[PDB]
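Only one chain comes next, encoded as structure tokens, the form whose entry title says "open state".
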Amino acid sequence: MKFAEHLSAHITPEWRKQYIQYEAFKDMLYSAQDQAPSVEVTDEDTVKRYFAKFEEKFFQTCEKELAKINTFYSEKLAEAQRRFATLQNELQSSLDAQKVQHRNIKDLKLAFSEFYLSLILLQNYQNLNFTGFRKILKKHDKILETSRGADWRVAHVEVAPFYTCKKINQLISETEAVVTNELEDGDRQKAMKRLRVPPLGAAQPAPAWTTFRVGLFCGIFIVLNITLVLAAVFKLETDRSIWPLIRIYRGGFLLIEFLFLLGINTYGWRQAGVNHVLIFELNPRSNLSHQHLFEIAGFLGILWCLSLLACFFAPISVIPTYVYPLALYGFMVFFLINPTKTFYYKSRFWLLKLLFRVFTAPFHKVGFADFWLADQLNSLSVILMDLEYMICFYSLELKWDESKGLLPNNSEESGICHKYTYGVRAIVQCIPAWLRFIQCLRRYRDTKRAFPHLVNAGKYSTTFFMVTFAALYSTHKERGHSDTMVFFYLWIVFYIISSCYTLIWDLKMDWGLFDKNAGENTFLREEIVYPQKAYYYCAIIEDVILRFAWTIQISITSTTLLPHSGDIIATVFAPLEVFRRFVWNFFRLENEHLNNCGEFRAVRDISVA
């Protein structure tokens, strides 16, 4: 494949309908060729008229395509001219006001670098549309053994006001002159370093070293997982309680799984066309492909596996076993808050600036990155409970004056910090629900709109109530007082309500499925971005199952019996919840991008002042 894939890869995602449609032309050509009636059986007038009809139809289709291209190009050119006019007026106003100002200059820099991107994208649009006409007309010449295609090219294509309009190059030169004289006072090197746009989209291949580091961290991870399984089967002795260990190491595994599935999500968004760079407001020139997230996940998983192995084997006799989890989590934290400029600095600091804006929610106007991150925390809720458990274990239970403190004796009676001590577990549970609830309240206050925000605030109020009733029921049963089974009934009804609330919001308002304009894609949206239709139905069924995950647990719990269970339930259902979030990310991002596809948004429209 040479140009079909080259076109589907170098195409702007939001302008997919305004392109040349190479595939339809090719399929029309091939169908017309294969349906030649007979080379010698029927009359030559028959085949001649058949080929003439095909010629007419093909050139009418090509003419309507060219008209579409011309209209879209003139539209985008007028839009860019108006944007340049308003940007220059604002720059002149600010420069005159010169005689905080740093924020002003920095947002005019950002607005100019975003206006350059639209110009470059329009230029590439022109280029690809021209060298898709030449390719398809060359194919028509070769397939029909005629030369009318090149004549049609030189007669129609190279007169059109989309290949002869040399206005974008002048606009690019003027933008560069403006940014160099005004914003940088000379120094075109620094101006162009900000304005330049690398080959972007699905067309940029990650460097070979990043792929090799992925393949290295993944092989080590596989072998270390095999070794962990073998050592757990053959080395971990009985008479000790493994539950503290895997309860501490449960959070790290969920984080590794989340980073892996986020890498897969980024790959899916990059290939399908859903551009997360515009929705997350990332830098269109510097991003993180799936390889970077795969590498981060592999490195942190290597550290996790090494810490768990050291816990099992106890390599050095002087260091007690409880130092390895502490060291692992301290390295995970020190990796994030690394003050130097190494090891994914811009990414980690963007993530930290976002985490500061989600954990102090009602004070910042929320965008997509902080709304998206606060929804991912609902799935990574066992990580917060793992941190709480680890802190309570190291502060109240871990006997420091003994080596094998991580695995105490079998005589390990209830051992507080394992349950609802005083309600702290319920609060750590409701923390991300509280974040999203107050964020939706801030959205209602800001937009004054009510439907999408006031609803979607009860979605997390139901989690509030469900966790409250869980806490009440378990703390009543642990004290064996009266009114217990009532708080089982209320737990049941509020989990029913929570799952029904989140399920209809996952499908209808988050994913956009089940709309009246479905058309041929029954039970789906109008326009589907992901290739196969089977992905959506399987996703629907999996979200139905993984949102009602408490059915299986309350069954197993009701089966009860002696084995420790609730914890086995949580350990099996936490990666299932992270996988549910991984599935939900795809279709949330797709629904978000499909709205940017209607207004043809390729840039962020950076505000000013």
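A residue's number is simply how far along the shown sequence it sits, counting from 1. In this text, rigid core is short for the largest set of C-alphas that superpose within 1.5 Å between two forms.
Next on the checklist: Quick test of your reading: does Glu145 have no coordinates in a third or more of the other entries compared?
Outcome noted: Result for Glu145: never missing in the compared entries.
Checklist entry - Is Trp400 left out in a third or more of the other entries? => result In at least a third of the other entries, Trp400 has no coordinates.
Item to check | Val100 preceded by how many uncoordinated deposited residues after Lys99 | outcome: In the record, 10 or more residues between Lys99 and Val100 lack coordinates.
What follows is about the form whose entry title says "closed state", which we do not show.
Item to check | Rigid core fit then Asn596 CA moved by 2 Å or more between the shown form and the other one | outcome: Yes, its C-alpha moves 2 Å or more.
Item to check | Core-aligned CA displacement of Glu478 at least 2 Å between the shown form and the other one | outcome: It does, since the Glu478 C-alpha is displaced 2 Å or more between the shown form and the other one after the core fit.
Next on the checklist: Once you overlay the rigid core, does the Cα of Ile554 travel 2 Å or further between the shown form and the other one?
Outcome noted: Yes, its C-alpha moves 2 Å or more.
Item to check | in the other entry, shift in Cα separation for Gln553 relative to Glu388, 3 Å or more | outcome: Their C-alpha distance shrinks by at least 3 Å in the other entry.
Checklist entry - Taking the shown form as reference, are the C-alpha positions of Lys419 and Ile427 brought closer or pushed farther apart in the other entry, with a change of 3 Å or more? => result Between the C-alphas of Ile427 and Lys419, the gap widens in the other entry (3 Å or more compared with this form).
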